[PDB]
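Undergrad: this one's sequence-less:
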Ligand SMILES: [Zn+2]
Ligand SMILES: [Zn+2]
């Protein structure tokens with residue numbers, strides 16, 4: 001175990017002050033906030049734990065209120081004594097997911113500064129795909145030490161105790177060990193992080209500074225109109241009933257909208273070709289092929305889609321409105337993607353259909369408060385611009401340089417015809433190629449997306465590579481370093497480790513290769529987006545203008561800008577994003593505004 005002998009439980013000021021004194025002279029120290037909820041904005045601080053060095057940690061319980069809880073330093077007293085240390089930018093702190101702790105202290109008017117090391121981000125930058133980056137996994141992985149699990153002290157299910165109900169000493173064991181272990185983890189990882197300037201730069205200048213900005217974005221939240229969302233729900237229910245009647249009307253009898261069961265016995269039994277359509281999917285969708293002529297597969301397609309959308313955003317979103325703010329606070333994950341892109345949950349902003357009407361109606365529900373407007377700043381096809389840069393292709397670079405539509409320019413070159421005359425089919429073909437390249441898509445895969453025969457796709461690809469040599473070179477040079485060094489990195493040095501690069505297995509290695517070509521571009525976009533956030537947030541914090549960065553989805557940053565400041569701010573956001581980030585990639589930021597996210601979008 002870990003007993004009560006390990007860490008002191010600070011129950012008096014004198015001892016707290018003694019610790020604060022020791023904390024002031026420690027080179028770095030790890031600390032944790034303990035609370036009664038995961039919901040940052042409404043969580044209450046139950047106590048704090050600090051680690052001055054390995055083995056020396058303490059828990060200061062401030063709000064444990066179970067039956068007969070012993071006297072504790074009051075939260076306010078503890079916080080006013082601790083405040084100076086926490087706010088001192090010179091006092092360097094280490095923590096596991098400091099984003100969370102920074103937010104909790106903010107609930108008390110304390111501005112956590114000195115957010116120097118986050119063991120979570122250390123782990124993530126060391127090797128994003130090494131496994132899970134939570135304390136329990138880290139402690140075991142790096143220290144062969146199994147930390148006291150939260151469940152161990154709190155329990156499970158509905159009857160799980162909140163921290164304030166847990167006995168002082170038990171709470172002590174958990175909090176102090178966590179603080180202790182975080183410090184040890186940092187001590188093991190920090191040295192490693194310096195063995196390579198790449199990862200080091202990323203962690204230092206990209207990940208770490210992003211911590212307080214993510215906290216700020218999450219705590220600000222986004223205004224969602226529940227009324228609009230409910231109307232949408234109602235309408236969707238009517239559309240589902242209607243589409244369902246239309247389904248039955250096209251065939252005979254009633255049936256679920258489930259393939260490999262009901263649809264095949266109808267569709268192919270009424271003429272068509274036997275294979276169904278898996279919902280794999282983004283390569284062979286038999287249902288939408290038939291849709292250009294066959295009516296039934298067309299309605300089943302739209303029905304399921306609307307069904308998915310309704311339950312996920314229409315029915316859920318209103319439930320996510322925080323009673324304390326009356327806003328939705330999405331949870332961004334800084335250490336989850338293999339590439340380094342921020343992901344999002346509750347809600348997963350990225351799964352809201354972009355090119356679809358219903359998705360648009362969802363975005364319409366993301367509204368600007370009175371006298372404010374939504375401002376969307378998007379990096380126009382940044383990944384394609386990155387690829388142009390990475391491949392040093394003058395063709396692509398020039399296309400972007402002279403503001404031409406690369407998909408049309410690509411088509412103009414691949415199919416050899418004037419830019420003004422490239423047709424939508426050709427532009428769409430060049431587009432399938434362009435984006436196919438980012439994901440390292442095989443010629444056969446491109447054919448499946450373009451509905452053209454194999455080798456016809458290959459014909460297009462050979463013609464591309466001939467007209468755009470740099471891209472092939474890039475692809476080859478990337479697959480090359482991938483095998484030689486087992487990893488690929490972004491312009492900022494962010495690394496993605498490809499263990500199955502020499503897999504000796506087929507598809508597993510193939511995957512590693514697609515990842516090899518893709519990650520540098522996707523990862524670089526991530527890096528850029530993160531630097532834009534830091535840059536923008538810095539201006540926000542310094543100049544204090546009437547604007548809130550409320551979202552980050554894909555390559556766009558979304559704000560709430562005061563209507564009277566829109567222009568000045570629009571200019572400023574724009575310059576910050578396409579000028580105060582990397583200066584090597586030809587970047588373009590499309591800024592838009594409107595009454596809601598869909599409008600600015
Ligand atoms: Zn993008
Ligand atoms: Zn510009």
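TA: Noted; the coordinates are in hand. Residues are numbered from 1 along each chain as shown. Ligands and ions are numbered 1, 2, ... in the order given.
Undergrad: how much space separates the closest residue in space to residue 62 that isn't next to it in sequence from residue 61?
TA: In space, residue 62 comes closest to residue 75 once its chain neighbours are excluded; the distance is 4.1 Å by CB to CB, 6 or more residues apart in numbering. Bear in mind the C-beta positions are built from the backbone N, C-alpha and C, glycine included. Counting by CB to CB, to the nearest Å, the separation of residue 75 from residue 61 is 10 Å.
Undergrad: okay but residue 410 is in contact with residue 399, surely?
TA: Yes. Residue 410 is within contact range of residue 399, at 7.3 Å (criterion: CB atoms under 8 Å).
Undergrad: which one of residue 75 and residue 61 has more residues nearby?
TA: The residue with the greater number of neighbours, taking residue 75 and residue 61 and applying other CB atoms under 10 Å, is residue 61; the counts read 29 against 18.
Undergrad: could you pull out the strands in the stretch 101-250 of the chain for me?
TA: Counting by DSSP state E, counting those that start in this stretch, the segments of the stretch 101-250 of the chain that form strands are 115-118.
Undergrad: which parts of it are helices?
TA: Ranges of helices within the stretch 101-250 of the chain are 119-126, 135-143, 150-154, 168-193, 197-201, 208-220, 226-250, based on DSSP state H, counting those that start in this stretch.
Undergrad: next, the closest residue to residue 202 other than its chain neighbours: phi, psi?
TA: Distances taken as CB to CB, 6+ apart put residue 494 closest to residue 202, at 4.6 Å, once the chain neighbours are dropped. Geometry field for residue 494 lists phi and psi as phi -60, psi 130, criterion degrees, to the nearest 10.
Undergrad: same check, this time on residue 565
TA: For residue 565, the backbone dihedrals (degrees, to the nearest 10) come out as phi -110, psi -10.
Undergrad: verify the stated contact: it with residue 544.
TA: No. Counting by CB under 8 Å, residue 565 stays clear of residue 544, with 11.8 Å between them.
Undergrad: higher neighbour count, the two?
TA: When residue 565 and residue 544 are compared on other CB under 10 Å, the one with more neighbours turns out to be residue 565, at 16 against 8.
Undergrad: so what's the more buried one closest to, chain neighbours aside?
TA: Here the nearest residue to residue 565 in space, its sequence neighbours aside, is residue 546; by CB to CB, 6+ apart that works out to 5.4 Å.
Undergrad: would you confirm that that neighbour contacts residue 568?
TA: No. The pair residue 546 / residue 568 is not scored as a contact, 10.1 Å apart, by CB under 8 Å.
Undergrad: what's the following helix or strand after the helix or strand hosting residue 266?
TA: Under the assignment given by DSSP states H and E, the secondary-structure element containing residue 266 is helix 264-267. Once helix 264-267 ends, the next helix or strand along the chain (criterion: DSSP H and E) is helix 286-290.
Undergrad: buried set for that following helix?
TA: By neighbour count, with 16 or more other CB atoms under 10 Å as the criterion, the buried positions of helix 286-290 are 286, 287, 290.
Undergrad: and the second one, what does it touch?
TA: Counting by CB atoms under 8 Å, 6 or more residues apart in numbering, residue 287 touches 259, 277, 297, 298, 300, 301.
Undergrad: give me phi/psi at the closest residue to the first one other than its chain neighbours?
TA: Read that as residue 259. Across the structure, with CB to CB, 6+ apart as the measure, the residue nearest residue 259 apart from its sequence neighbours is residue 276 (4.7 Å). Here is the backbone geometry of residue 276 (degrees, to the nearest 10): phi -70, psi -150.
Undergrad: show me what contacts residue 276?
TA: For residue 276, the set of contacting residues under the criterion of CB under 8 Å, 6+ apart consists of 259, 260, 263, 264, 286.
Undergrad: would you verify that residue 378 is located in a helix?
TA: No. The secondary structure assignment for residue 378 gives strand rather than a helix, going by DSSP: H, G, I helix; E, B strand; the rest coil.
Undergrad: tally of neighbours for the nearest residue to it once chain neighbours are set aside?
TA: The spatial neighbour of residue 378 that comes closest, neighbours along the chain excluded (CB to CB, 6+ apart), is residue 556 at 3.8 Å. The local packing of residue 556 (other CB under 10 Å) involves 24 other residues.
Undergrad: quick one: contacts for residue 556?
TA: Taking CB under 8 Å, 6+ apart as the contact definition, residue 556 lies against 376, 377, 378, 379, 601.
Undergrad: among these, name the buried ones.
TA: Members of those that pass the buried threshold by neighbour count (16+ other CB under 10 Å) are listed as 376, 377, 378, 379, 601.
Undergrad: how near is the residue lying closest to the fourth one once chain neighbours are set aside to residue 384?
TA: Just to be clear, that refers to residue 379. Take residue 379 and drop its neighbours on the chain: the residue closest to it by CB to CB, 6+ apart is residue 555, 4.2 Å away. Taking CB to CB as the measure, residue 555 and residue 384 are separated by 11 Å.
Undergrad: over to residue 265?
TA: In this structure, residue 265 lies at 44 Å from residue 384, with CB to CB as the measure.
Undergrad: and if you look at residue 324?
TA: Counting by CB to CB, the separation of residue 324 from residue 384 is 42 Å.
Undergrad: between those two, which one's more packed in?
TA: Neighbour comparison, residue 324 and residue 384: the larger count goes to residue 384, with 22 against 11 (by other CB under 10 Å).
Undergrad: who's in contact with the more buried one?
TA: When contacts are counted by CB under 8 Å, 6+ apart, residue 384 is found next to 396, 406, 434, 435, 438.
Undergrad: my guess is the second one contacts residue 387, does it?
TA: In other words, residue 406. No. Taking contacts as CB under 8 Å, residue 406 lies outside contact range of residue 387: 9.9 Å.
Undergrad: returning to that earlier point: contact partners for the residue nearest to residue 62?
TA: The contact partners of residue 75, taken as CB under 8 Å, 6+ apart, are 45, 62, 63, 108.
Undergrad: what is the most widely separated pair among these?
TA: Among those, the pair separated by the greatest distance (CB to CB) is 63 and 108, at 11.7 Å.
Undergrad: anything in contact with each of residue 406 and residue 387?
TA: With contacts defined as CB under 8 Å, 6+ apart, the residues shared by residue 406 and residue 387 are residue 396.
Undergrad: okay, those two: which has more neighbours?
TA: Using other CB under 10 Å as the criterion, residue 406 and residue 387 rank with residue 387 on top: 28 against 23.
Undergrad: find the nearest non-adjacent residue to the more buried one, please.
TA: Distance criterion CB to CB, 6+ apart; nearest residue to residue 387, sequence neighbours excluded, is residue 521 at 5.3 Å.
Undergrad: now residue 550
TA: In space, and not counting its chain neighbours, residue 550 is closest to residue 222: 4.7 Å by CB to CB, 6+ apart.
Undergrad: so who does that neighbour touch?
TA: Contacts of residue 222 were listed using CB under 8 Å, 6+ apart, and they are 327, 328, 329, 330, 366, 550, 551, 558, 597.
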